[PDB]
Amino acid sequence: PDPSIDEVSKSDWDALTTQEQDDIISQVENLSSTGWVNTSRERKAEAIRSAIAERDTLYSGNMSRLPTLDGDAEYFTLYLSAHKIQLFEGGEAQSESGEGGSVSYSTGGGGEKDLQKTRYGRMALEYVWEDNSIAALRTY
Amino acid sequence: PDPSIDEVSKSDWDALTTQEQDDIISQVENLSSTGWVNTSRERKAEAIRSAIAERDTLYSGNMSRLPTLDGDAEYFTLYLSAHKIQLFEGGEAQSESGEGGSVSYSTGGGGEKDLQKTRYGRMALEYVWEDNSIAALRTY
Amino acid sequence: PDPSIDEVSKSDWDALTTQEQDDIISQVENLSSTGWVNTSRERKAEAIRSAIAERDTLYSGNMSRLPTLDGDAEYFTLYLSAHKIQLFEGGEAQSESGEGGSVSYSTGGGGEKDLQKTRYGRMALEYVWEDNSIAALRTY
Amino acid sequence: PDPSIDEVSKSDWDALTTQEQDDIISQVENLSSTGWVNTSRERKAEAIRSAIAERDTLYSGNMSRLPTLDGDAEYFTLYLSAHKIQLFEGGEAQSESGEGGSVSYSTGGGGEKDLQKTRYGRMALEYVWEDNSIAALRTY
Amino acid sequence: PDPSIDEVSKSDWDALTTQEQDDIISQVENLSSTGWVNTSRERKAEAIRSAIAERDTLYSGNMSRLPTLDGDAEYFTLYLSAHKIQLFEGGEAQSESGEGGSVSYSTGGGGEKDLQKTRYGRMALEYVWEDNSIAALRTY
Amino acid sequence: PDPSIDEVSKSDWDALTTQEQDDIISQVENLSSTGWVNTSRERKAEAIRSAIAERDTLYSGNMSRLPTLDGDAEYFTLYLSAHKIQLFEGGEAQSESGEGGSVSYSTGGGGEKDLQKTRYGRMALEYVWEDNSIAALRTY
Amino acid sequence: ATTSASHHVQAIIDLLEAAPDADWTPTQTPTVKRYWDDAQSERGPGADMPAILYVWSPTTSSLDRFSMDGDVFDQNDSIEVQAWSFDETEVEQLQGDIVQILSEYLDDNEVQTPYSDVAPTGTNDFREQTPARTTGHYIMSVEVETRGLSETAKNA
Amino acid sequence: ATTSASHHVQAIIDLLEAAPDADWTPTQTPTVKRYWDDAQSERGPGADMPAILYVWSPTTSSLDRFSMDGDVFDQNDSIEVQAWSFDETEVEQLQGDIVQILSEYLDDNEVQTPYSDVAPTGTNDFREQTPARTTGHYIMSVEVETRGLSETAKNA
Ligand SMILES: [Mg+2]
Ligand SMILES: [Mg+2]
Ligand SMILES: [Mg+2]
Ligand SMILES: [Mg+2]
Ligand SMILES: [Mg+2]
Ligand SMILES: [Mg+2]
Numbered sequence: 002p003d004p005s006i007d008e009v010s011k012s013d014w015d016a017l018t019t020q021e022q023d024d025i026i027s028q029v030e031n032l033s034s035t036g037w038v039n040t041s042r043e044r045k046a047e048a049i050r051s052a053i054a055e056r057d058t059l060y061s062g063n064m065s066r067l068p069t070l071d072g073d074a075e076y077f078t079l080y081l082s083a084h085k086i087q088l089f090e091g092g093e094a095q096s097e098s099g100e101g102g103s104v105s106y107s108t109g110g111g112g113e114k115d116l117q118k119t120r121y122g123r124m125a126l127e128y129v130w131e132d133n134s135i136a137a138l139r140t141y
Numbered sequence: 002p003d004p005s006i007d008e009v010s011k012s013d014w015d016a017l018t019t020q021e022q023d024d025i026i027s028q029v030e031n032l033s034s035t036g037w038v039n040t041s042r043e044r045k046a047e048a049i050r051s052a053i054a055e056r057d058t059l060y061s062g063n064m065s066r067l068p069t070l071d072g073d074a075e076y077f078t079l080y081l082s083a084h085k086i087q088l089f090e091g092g093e094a095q096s097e098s099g100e101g102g103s104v105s106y107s108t109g110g111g112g113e114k115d116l117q118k119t120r121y122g123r124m125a126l127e128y129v130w131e132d133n134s135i136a137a138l139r140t141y
Numbered sequence: 002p003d004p005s006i007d008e009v010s011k012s013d014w015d016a017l018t019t020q021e022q023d024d025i026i027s028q029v030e031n032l033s034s035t036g037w038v039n040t041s042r043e044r045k046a047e048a049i050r051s052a053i054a055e056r057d058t059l060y061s062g063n064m065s066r067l068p069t070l071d072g073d074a075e076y077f078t079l080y081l082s083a084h085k086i087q088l089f090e091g092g093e094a095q096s097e098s099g100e101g102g103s104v105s106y107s108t109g110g111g112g113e114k115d116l117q118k119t120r121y122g123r124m125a126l127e128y129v130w131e132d133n134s135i136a137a138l139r140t141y
Numbered sequence: 002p003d004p005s006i007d008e009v010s011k012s013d014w015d016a017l018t019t020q021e022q023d024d025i026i027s028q029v030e031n032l033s034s035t036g037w038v039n040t041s042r043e044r045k046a047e048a049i050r051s052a053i054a055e056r057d058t059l060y061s062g063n064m065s066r067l068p069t070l071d072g073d074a075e076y077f078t079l080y081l082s083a084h085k086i087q088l089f090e091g092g093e094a095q096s097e098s099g100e101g102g103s104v105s106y107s108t109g110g111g112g113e114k115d116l117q118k119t120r121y122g123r124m125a126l127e128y129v130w131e132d133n134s135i136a137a138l139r140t141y
Numbered sequence: 002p003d004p005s006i007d008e009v010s011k012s013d014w015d016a017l018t019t020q021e022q023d024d025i026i027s028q029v030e031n032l033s034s035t036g037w038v039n040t041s042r043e044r045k046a047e048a049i050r051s052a053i054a055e056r057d058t059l060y061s062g063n064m065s066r067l068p069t070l071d072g073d074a075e076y077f078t079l080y081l082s083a084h085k086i087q088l089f090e091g092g093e094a095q096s097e098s099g100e101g102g103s104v105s106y107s108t109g110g111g112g113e114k115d116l117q118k119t120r121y122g123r124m125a126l127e128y129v130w131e132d133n134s135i136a137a138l139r140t141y
Numbered sequence: 002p003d004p005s006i007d008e009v010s011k012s013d014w015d016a017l018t019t020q021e022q023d024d025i026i027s028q029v030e031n032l033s034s035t036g037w038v039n040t041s042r043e044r045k046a047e048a049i050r051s052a053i054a055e056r057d058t059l060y061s062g063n064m065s066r067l068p069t070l071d072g073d074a075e076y077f078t079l080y081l082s083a084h085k086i087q088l089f090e091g092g093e094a095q096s097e098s099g100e101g102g103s104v105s106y107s108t109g110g111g112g113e114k115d116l117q118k119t120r121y122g123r124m125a126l127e128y129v130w131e132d133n134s135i136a137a138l139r140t141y
Numbered sequence: 002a003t004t005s006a007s008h009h010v011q012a013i014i015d016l017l018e019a020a021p022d023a024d025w026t027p028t029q030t031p032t033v034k035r036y037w038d039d040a041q042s043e044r045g046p047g048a049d050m051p052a053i054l055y056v057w058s059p060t061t062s063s064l065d066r067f068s069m070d071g072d073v074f075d076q077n078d079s080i081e082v083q084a085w086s087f088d089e090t091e092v093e094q095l096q097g098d099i100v101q102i103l104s105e106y107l108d109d110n111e112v113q114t115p116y117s118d119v120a121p122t123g124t125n126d127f128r129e130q131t132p133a134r135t136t137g138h139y140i141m142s143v144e145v146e147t148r149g150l151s152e153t154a155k156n157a
Numbered sequence: 002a003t004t005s006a007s008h009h010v011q012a013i014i015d016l017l018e019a020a021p022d023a024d025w026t027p028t029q030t031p032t033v034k035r036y037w038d039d040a041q042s043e044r045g046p047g048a049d050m051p052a053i054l055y056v057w058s059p060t061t062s063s064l065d066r067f068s069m070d071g072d073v074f075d076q077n078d079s080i081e082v083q084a085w086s087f088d089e090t091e092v093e094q095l096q097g098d099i100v101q102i103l104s105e106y107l108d109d110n111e112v113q114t115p116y117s118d119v120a121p122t123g124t125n126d127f128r129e130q131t132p133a134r135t136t137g138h139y140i141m142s143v144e145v146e147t148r149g150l151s152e153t154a155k156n157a
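Laid out in structure tokens, this is it:
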């Protein structure tokens, strides 16, 4: 995309053309083999706008001089978007069956927090010190 | 929209036009691919009105001089609204079955508290310090 | 591939010819007997682009005078790509069933972090000290 | 094989003729009763090249001035190849069932370590001190 | 068996006549009522060649002046060969079923390591001190 | 039999006539209600020859000046042979089912070591201090 | 003409896709898919999107001998078309639409279709399966069969 | 002539293997196997290999009395052939092909085959069963019946 997803905040996202916004949505749809094709544009756009705001609020700032978002903010925002899109449909698909055909996806309980509950969340979690409290400060 | 969900209190919501309420409802309805379309307007309006009131009462004020609502108040109030609609529908589906076929959503047991019991609650929970009590105060 | 996957950064990956990029996809696709043939080219391209980005931004630098990546950076990036593609397809099948007959794949529960959760991730994990914090440093 | 699998590094493997490379592949195919006959040449070759590169990088160097690889490097690289080839198809099959009838393979399952996940891995693991950390050093 | 399995190393095995290899194979094939007959000759030869090499590398030398291979080296190498063939056939059957009827072999989970994973391994394990570290040494 | 099974070692066993050897095999077959009739002569002979060698290596000698084989060596060697013949076929059958008719055999988990895994092993185990130590020495 | 499809599932997809935007009862023309085009956790439409029809062959096709010559098979095929929507009136209208769409071609001579007969043979309602407490898809279906003379290799 | 095998499964394997490369529709000739040639987790092709056909006898063959001579049995024999591939169109081409290939021989007076009749009698689609997330095998099948007179050695 012309603006990459890490360049733009919530206020910037609302200013985008349909084409810029569609190119970013297309980039997110690459993260799933089904591309979430039955879920409408508005919902994917809302998930991205949420992921952008949530990055800028919960995952900006620092722990020591180090940024709290250590990895590539592009892929962090894409995974956080894909995580939210999945959670707009339902949980993780642990088990799927229809017309006798059946599959189960080895998920496990995984813990308790939102990012732990889906594969895109568990990828996003490595970018942000896995939500650990490594912040350190002193008297001067 | 013209207003936003973070720019109104319970008293203001009741004074919004139908259109302004409906646009906020239309924003909340983006948080599920299913849109909760078979649950009526009044239930979605009530879930939002309650989410606004519950933010302003239970999830407001300061904790060690920080805001308790540090996350984006817009998306927080949306997630709290979507959470409330989902509990108005009886909660998270663990499993579903029919002539469409069958699916399971990987939840496990999780925590005891309302925000731990649904995915929208677990998303809202990160905007409010995961309900932790880091508040602190001194003699003067 | 003539430019190897470890000889290229995200900036180089976007700058490769179609054929050079395709030769690297053609290499990654060797890591599964199923070849991920029913997931598109662009999805496999995005997976590799993201894997290169995480190598460069999360699995780079030093842990004492050691590198944080100890194994072959080619096969590490291949495993990281294969791991991403499998999560784009929903993860490991613990079980599959149909008129072809049925199978179960001995996964158990395993770990909680994304590399622990999938076979390509578990292969990559040995390349990166199993994600342990073995770095040491002195005052100067 | 005339050039044994321990007489070659990654640079050598890419320089081998089709025949020389196929003699090693032919030896690897003895390690399974099925011979992995539905999986193509290129995927077996990629697995062996990976096993060679992995041996030379992750399983090289001394440990307490003993070698980090104690067992025969031929059979280690063979079992490491067989281990990787299995993981290119899936896990160990815990259970298999055809048109009628069934069998289950008593695997039980080890931890998050890939070498615990398959039969060839669990053999290769004895060659490399069971991944134990008996390395030792002193001041002079 | 004019020569025999503990009277040869890997280099000697390659130098034996076809008949002497096949005689040692014929002796190993006695260790199952099923003889592993639907696994080909070459795979049984390979399992023996590997068992010979793995004895001489991993299960040789002394511990507190005791031999590490205390048990009869003939039967040890046979059990190690039978173990290797059984892992080439995919492991221990926990359960079998068909129009012949159904049977279950009482295995439980057992240990994590290869020699614990099959009955032939569990026999070989007693010949080599159950893999315990009895070794001891003094200063002079 | 003319030579009882406790009188003869591995070297003596090979010197036996067919009649002496058949009489010993016949004595072992008395330990099973089926007599293992579907399993061939050579396999039963190999199991006995193994049991003799394993007695003479692992279960000869002394601890605290007591013999390590305390019980009747005849019945110990018979049980050790029956244990091996059983393991040449498979485990204990915990469960069997035929033409609808079905039975299960109260085995339980039973531990880990090969003699613990089968009924003939659990009979043999009492003869040899149950693989416990009572070993003692002093300075002189 | 309207299909020339190589297999019955694609033939019925083509017939449903060849329907004019005027011949559906709803405002929006439905989307037609193979049953295997979508995974289970995302099967059926999202809100604010047109309703979905899933097509597949649920039971054995038969190849009866037509005659003593062996020159052709009397092939008989079966298909189910399921309609998924959140709207209970919309699935009812779609079921009626599928019936009165696939009742064209009822007695072709391989003119439009490659068949002698494409017929709705039955209809299922599954609305009673949808739990009322949650939002969720209603499902209804048309079972449709197909018959034609299918050429053999015997006489080259 | 072309098969002469003692049993129907090998006979249909021999018929499918005898088929010219020009008479398969895909780019490359499929591989023919007994169902029990492969282990389950390995069943079906890998990528960059041609599609695979699995042949077996799924049900009881009848031995009917032909006459009160007792000289011969009216043998009626059942086979299924499954096509496995990752391509949803390739399995359909293979179904089409298997029906054409096995519709030669349709009334041998034991000319090529050791039978009076080898006929496809039905076909199945199982493409609906493959999940949409994972790459994995589509499966389709042909059901085949075979008939002939089989000698009793009652009179010898
Ligand atoms: Mg980590
Ligand atoms: Mg958190
Ligand atoms: Mg390790
Ligand atoms: Mg060990
Ligand atoms: Mg012991
Ligand atoms: Mg006792």
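Protein chains in written order, with UniProt numbering: chain A, 2 to 141; chain B, 2 to 141; chain C, 2 to 141; chain D, 2 to 141; chain E, 2 to 141; chain F, 2 to 141; chain G, 2 to 157; chain H, 2 to 157. In this text, a Cβ means the ideal position worked out from N, Cα and C, and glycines have one as well.
The Cβ atoms of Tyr121 of chain F and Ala94 of chain F do not sit closer than 9 Å to each other. Contacts between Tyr36 of chain H and chain D, judged by CB atoms closer than 8 Å, involve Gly99, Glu100 in chain order. In terms of CA proximity to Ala54 of chain E, D:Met124 leads the group D:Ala136, D:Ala137, D:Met124, D:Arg139.
Each of D:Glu127, E:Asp132 has a C-beta closer than 5 Å to some heavy atom of ligand 4; these make up the full list, in chain order. Fewer than three Cβ pairs drawn from the stretch 110-119 of chain A and the stretch 58-68 of chain B lie within less than 8 Å of each other, which leaves the two stretches out of contact. Spanning the alpha carbons of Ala23 of chain G and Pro115 of chain G requires a straight line of approximately 25 Å. The way I'd put it, the stretch 27-40 of chain H does touch the stretch 34-49 of chain D; three or more beta-carbon pairs between them come closer than 8 Å. Taken in chain order, the members of the stretch 39-65 of chain D whose beta-carbon sits within less than 9 Å of a beta-carbon on chain H are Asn39, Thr40, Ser41, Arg42, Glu43, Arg44.
In this structure, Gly101 of chain A lies away from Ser33 of chain C, with their beta-carbon atoms at least 9 Å apart. Just so you know, the alpha carbons of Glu129 of chain H and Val29 of chain E end up roughly 48 Å apart. Residues of the same chain with a CB within less than 7 Å of the CB of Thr78 of chain C, apart from the 5 flanking positions on each side, are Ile6, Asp7, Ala52, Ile53, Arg56 in chain order. Listed along chain C, the residues sitting closer than 8 Å to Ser96 of chain D by beta-carbon distance are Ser103, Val104, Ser105.
Taking a contact as a CB-CB distance under 8 Å, the pair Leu103 of chain G and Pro121 of chain G counts as one, their CB atoms being some 5 Å apart.
In terms of side-chain proximity, the C-beta atom of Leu70 of chain D is found no nearer than 8 Å to any non-hydrogen atom of ligand 3. For the set A:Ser12, A:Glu47, A:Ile25, A:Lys114, the Cα lying nearest the Cα of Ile86 of chain A is the one of A:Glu47. In the DSSP assignment, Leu150 of chain G is bridged to G:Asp75. Residue state for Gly122 of chain C is assigned as helix, using DSSP reduced to three classes. Under the Cβ criterion of 9 Å, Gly72 of chain C is not counted among the residues facing chain A. Note on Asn31 of chain B: 16 or more other CB atoms within 10 angstroms of its CB, so buried under the neighbour-count rule.
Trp14 of chain E is positioned such that its CB atom lies no closer than 9 Å to that of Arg44 of chain E. Apart from sequence neighbours up to five positions away, the residues of its chain that approach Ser117 of chain G with a beta-carbon distance below 6 Å are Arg148, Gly149, ordered along the chain.
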